[PDB]
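1. experimental structure below, sequence on top.
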Amino acid sequence: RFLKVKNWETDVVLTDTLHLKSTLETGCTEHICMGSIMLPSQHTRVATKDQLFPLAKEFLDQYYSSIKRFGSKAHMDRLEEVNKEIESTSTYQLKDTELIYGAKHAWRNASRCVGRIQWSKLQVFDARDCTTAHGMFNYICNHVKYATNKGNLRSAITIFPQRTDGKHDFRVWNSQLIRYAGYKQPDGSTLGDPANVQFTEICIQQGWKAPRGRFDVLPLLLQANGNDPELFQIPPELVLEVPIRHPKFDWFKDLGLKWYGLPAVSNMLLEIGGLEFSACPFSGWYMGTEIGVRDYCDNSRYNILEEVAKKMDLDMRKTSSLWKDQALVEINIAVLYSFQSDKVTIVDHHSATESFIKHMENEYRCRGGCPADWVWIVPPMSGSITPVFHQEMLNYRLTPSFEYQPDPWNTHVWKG
Ligand code: HEM
Ligand SMILES: CNCc1cc(Cl)cc(-c2cc(C)cc(N)n2)c1
Ligand SMILES: C[C@H](O)[C@H](O)[C@H]1CNc2nc(N)[nH]c(=O)c2N1
Ligand SMILES: [Zn+2]
């Protein structure tokens, strides 16, 4: 009841007691392990007033235990106050302090996030007074400008009104605030980002005038209080982009690649004391490999291993010439170098995974554990030459948390 996780590179052992506070379920049983199911039946998100208070109490007890005013009068009164409000209003409202705590700790608990060493340094923007898609557009624009900080990227989250009935729902329909468009071609192939081809088609179905190109930043599709979503284009001066060059291969610039500096996930759901925030875009900075390995070299994404290995002049006839590997490394050297030379914040997969081991040590010390999803923490290249490969990690689900949620167009009772 006090499990141990070993690092097999360093022979370090850490004792995990935090998993005992775990509440949610993982998907695994004693007879089957789902650790590699991407969106397990559990990881996806209507409530009742009865369910709501234990979740509120449980959350409030750890918040007051975090300011070391656990069980005091200030705590018991807040327990009573929210109990009463879940009677009166069948729900409740977080204090600003509670919102900032819960949001930080949802990140802290994000077992698939390798960046969490920064969890306490998160800027929380309270958009709970927002009422229109135009207001969402405004809060998001302030979020982009703030979190971008002229390339000195800063972690932030903007938290729109919580779900109430369900049919009134604030949603950012974009999967991220800044993403490149995907256009299928008349010959079947794909321009831009193939991930977003369906989303790009939705934006055009709502009137987007597509500049049918590669790195065309998509418009925000913002749904406010259940109403139909509306298009807004982020002021281009607010979307910071890094042109990708290589520090040796001067032909690399002719590849004509770029990426945006701000990774800002917008499709997920924040849970805080039973309250559900369906629109809560959050940003940090990139680990290089998300761009250089996944964005650029996934077969179903940009898929540039072909053209890079070409210009490198590589033994491409044979699978075993590791021409794909050799061109994957150059691509990631180039992403890193380009971002660093523009002073745009980026972390390489070695520095990031080291920070996470350090972060794990702190979490087992001053917290008793650190839920971690090996399948997601190990970078998608050079796995075993990074220290997280060698670190046993216990995955368990704690709250507050970020959850997945259905895409809004599969669930929105639309009315033209
Ligand atoms: C500050 C720098 C950050 C870095 C370097 C970082 C790094 C990463 C990476 C590489 C992933 C894997 C994504 C993929 O490869 O598909 C990830 C996932 C994730 N990040 Fe972090 N992140 C950062 C900040 C944040 C912030 C500020 C939040 C929330 C406020 C957050 C929440 C999450 C969540 C919830 C996931 C996983 C989603 C899931 O469960 O599937 N991250 N992060
Ligand atoms: C392949 N990248 C796609 C992707 C997917 C997801 Cl679920 C999260 C992030 C993400 C989010 C934040 C806040 C920082 C960061 N470095 N990455 C990126
Ligand atoms: C099938 C598998 O679960 C899926 O490819 C996961 C594996 N690990 C991952 N790890 C990260 N960081 N990001 C991902 O998208 C994935 N994809
Ligand atoms: Zn398992």
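-> It's in. Numbering: from 1, shown residues only. Ligands and ions are numbered 1, 2, ... in the order given.
2. OK, contacts around residue 312?
-> 249, 323, 326-327, 330 (Cβ atoms under 8 Å, 6 or more residues apart in numbering). Just so you know, the C-beta spots here come from the backbone N, C-alpha and C atoms, and that holds for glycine as well.
3. and the residues you listed, which are buried?
-> Among the contacts of residue 312, those buried by neighbour count (16 or more other Cβ atoms under 10 Å) are 249, 323, 326-327, 330.
4. just the element for the residue of the chain found nearest ligand 3, please.
-> As assessed by Cβ to the nearest ligand atom, ligand 3 sits closest to residue 376 within the chain, at 3.9 Å. Element membership for residue 376, per DSSP states H and E: helix 374-377.
5. can you name the element that comes right after that helix?
-> strand 401-403.
6. quick one: residues in contact with that next one.
-> With Cβ under 8 Å, 6+ apart as the criterion, strand 401-403 contacts 24, 43-45, 106-107, 109-110, 268-271, 280, 282.
7. what's the answer for stretch 353-369, then?
-> 7, 14-19, 114-117, 347, 370, 372, 377-379, 386-388, 391, 393-394.
8. can you tell me the closest non-neighbouring residue to residue 386?
-> residue 353 (4.2 Å; Cβ to Cβ, 6 or more residues apart in numbering).
9. quick check: the one you found vs ligand 2, distance?
-> According to Cβ to the nearest ligand atom, to the nearest Å, residue 353 stands 13 Å off from ligand 2.
10. one step back: now the buried ones among the contacts of residue 312 as CSV including secondary structure and distance to ligand 2?
-> CSV is the format used below for the buried ones among the contacts of residue 312 (DSSP: H, G, I helix; E, B strand; the rest coil; distance: Cβ to the nearest ligand atom, whole Å):
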residue, secondary structure, distance to ligand 2
249, coil, 24
323, helix, 23
326, helix, 22
327, helix, 19
330, helix, 19
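11. contacts only, for the spatially most central residue of the chain.
-> Computing the C-alpha centroid of the chain and ranking residues by Cα atoms, centre = their mean puts residue 265 first, at 4.6 Å. If a contact means Cβ under 8 Å, 6+ apart, then residue 265 has 175-176, 281-283 as its contacts.
12. got a quick PyMOL command for the buried subset of those?
-> The PyMOL selection below is limited to those of the contacts of residue 265 classed as buried (16+ other Cβ under 10 Å):
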select buried, resi 176+281+282+283
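13. which parts of the stretch 251-400 of the chain are helices?
-> With helices called from DSSP state H, counting those that start in this stretch, the stretch 251-400 of the chain shows them at 288-289, 296-297, 305-312, 323-341, 349-366, 374-377.
14. for the third one, buried residues please.
-> Using 16+ other Cβ under 10 Å as the burial criterion, the residues of helix 305-312 that qualify are 305, 308-309.
15. that helix vs helix 323-341, what angle?
-> Angle of helix 305-312 versus helix 323-341, following axes from the mean of the first three to the mean of the last three Cα atoms, to 10 degrees, is 90 degrees.
16. and the chain, which residues reach ligand 3?
-> When proximity is defined by Cβ under 6 Å from any ligand atom, the chain lies next to ligand 3 at 36, 38, 375-376.
17. mind running it again at 8 Å?
-> Within the chain, the positions near ligand 3 by Cβ under 8 Å from any ligand atom are 36-38, 112, 114, 290, 294, 373, 375-380.
18. and stretch 193-210, does that touch ligand 2?
-> No: applying Cβ under 8 Å from any ligand atom, one finds stretch 193-210 separated from ligand 2 by no less than 9.1 Å.
19. now check that stretch, is it near ligand 1?
-> No: if you take Cβ under 8 Å from any ligand atom as the test, stretch 193-210 misses ligand 1, and the best it gets is 11.0 Å.
20. which other residues reach that stretch?
-> 173-175, 179-184, 190, 192, 216, 218-219, 221, 229-231, 295, 300-302, 409.
21. tell me the spacing between residue 161 and residue 212.
-> 36 Å (Cβ to Cβ, to the nearest Å).
22. count the residues that sit near the closest residue to residue 87 other than its chain neighbours.
-> Nearest residue to residue 87, sequence neighbours excluded (Cβ to Cβ, 6+ apart): residue 49, at 7.5 Å. Here the count is done by other Cβ atoms under 10 Å, and residue 49 has 13 residues near it.
23. returning to that earlier point: could I get the CA-only coordinates of the helix holding residue 376 as CSV?
-> Listed next in CSV are the C-alpha coordinates belonging to helix 374-377 (Å, rounded to 0.1, in the frame of the first residue of the first chain):
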residue,chain,number,x,y,z
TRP,A,374,5.6,6.5,-19.3
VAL,A,375,4.0,5.9,-22.7
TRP,A,376,3.6,9.7,-23.0
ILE,A,377,6.6,11.0,-20.9
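24. any part of that helix near ligand 4?
-> No: taking Cβ under 5 Å from the ion as the criterion, helix 374-377 and ligand 4 are apart, separated by no less than 9.7 Å.
25. which residues does that helix contact?
-> By Cβ under 8 Å, 6+ apart, helix 374-377 touches 35-36, 111-114, 353, 356, 388, 391-393, 395.
26. hang on, the earlier thing: just name the most buried of the helices of the stretch 251-400 of the chain.
-> helix 288-289 (a mean of 26; mean count of other Cβ atoms under 10 Å).
27. dump the residues of the chain next to ligand 3 to JSON lines, plus distance to residue 127.
-> Listed next are the residues of the chain next to ligand 3 as JSON lines, based on distance: Cβ to Cβ, whole Å:
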{"residue": "36", "distance to residue 127": "35"}
{"residue": "37", "distance to residue 127": "32"}
{"residue": "38", "distance to residue 127": "29"}
{"residue": "112", "distance to residue 127": "25"}
{"residue": "114", "distance to residue 127": "27"}
{"residue": "290", "distance to residue 127": "26"}
{"residue": "294", "distance to residue 127": "29"}
{"residue": "373", "distance to residue 127": "29"}
{"residue": "375", "distance to residue 127": "33"}
{"residue": "376", "distance to residue 127": "28"}
{"residue": "377", "distance to residue 127": "30"}
{"residue": "378", "distance to residue 127": "34"}
{"residue": "379", "distance to residue 127": "33"}
{"residue": "380", "distance to residue 127": "33"}
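28. which of those are buried?
-> 114, 290, 294, 373, 376-380.
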